[PDB]
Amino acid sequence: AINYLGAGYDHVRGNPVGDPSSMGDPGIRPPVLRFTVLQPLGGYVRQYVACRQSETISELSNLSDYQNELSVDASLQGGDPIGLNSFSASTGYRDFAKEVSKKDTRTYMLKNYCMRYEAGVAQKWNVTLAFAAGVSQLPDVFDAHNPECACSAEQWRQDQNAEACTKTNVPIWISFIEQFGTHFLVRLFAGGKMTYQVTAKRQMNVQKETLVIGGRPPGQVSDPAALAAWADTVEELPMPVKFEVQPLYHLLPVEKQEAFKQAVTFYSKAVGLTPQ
């Protein structure tokens, strides 16, 4: 199978309940860590018998409830929320924000977890060649940290190709974040997750959307046979459905860590959506 331990993660564009254009969390990025059934040196893989099943149901009354339901599946190591406008750039976040503004409807989220294994690290890491080469091209200073820098977070959101930004090294830092994300996975449960978002008016007006992580693309969620076939494909293509992350600056040389932290703060503001 595919190893997701040590994968990069964009906390702003991520969404741990899924995305219609991906079979997994849209924030997962190429592998950042390099490793040595089989146990990776410095970590562990614990395989399950069939699928470890769990279900959750939540009434999502506001954006904060939705944020909390996502943070449960994509948090910092230990369970604390990532914060910093996490998930706010994903399609699912913008879709729910529209529905929760309508005070005439109420939405519920029903998660169904189909976990197949758990993996994690415990801590002297080596990064991939791609990540190391990317880091070697980074400067030691983030230009937008300077006060009255022409390239602000608002300027980047409006036009990143403007002269105010293309003269600074800000585009170099953002290209790095766009490639590898802002965090990386240190612990994960992999398998499948089928989530139903059910909206009821205030007429038995009910709407249901299905969001799927893991396995092969499912043809029909309402078909009993098509749902069962999807779970059989989850064994073949398991993907992270609940994970914990560590900030990426821990993997950079110390002279670049402060600039990268400023870069992800800039990135969270320019790409992330505050509730406005």
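Numbers follow the displayed sequence, beginning with 1.
The entry shows a gap from residue 123 to residue 124, with 4 to 9 unmodelled residues of the deposited sequence in between. The entry models residue 202 and residue 203 with a gap of 10 or more deposited residues left without coordinates. Stretches 177 to 185 and 141 to 149 differ in mean CA B factor, with 141 to 149 having the higher one. Comparing 56 to 64 with 228 to 236, the higher mean C-alpha B-factor in the PDB entry belongs to 228 to 236. If you compare the C-alpha temperature factors of 111, 116, 103, 94 in the entry, 103 comes out highest.
The top Cα temperature factor in the record, among 30, 218, 214, 26, falls on 218. Annotation for residue 38: CA B-factor lies in the highest third of the chain's modelled residues. Residue 259 sits in the lowest third of its chain by CA B factor, as recorded in the PDB entry. Annotation for residue 222: C-alpha temperature factor in the highest third relative to the rest of the modelled chain, per the entry.
Residue 74 sits in the lowest third of its chain by CA B factor, as recorded in the PDB entry. Residue 50: CA B factor lies in the highest third for its chain, per the PDB record.
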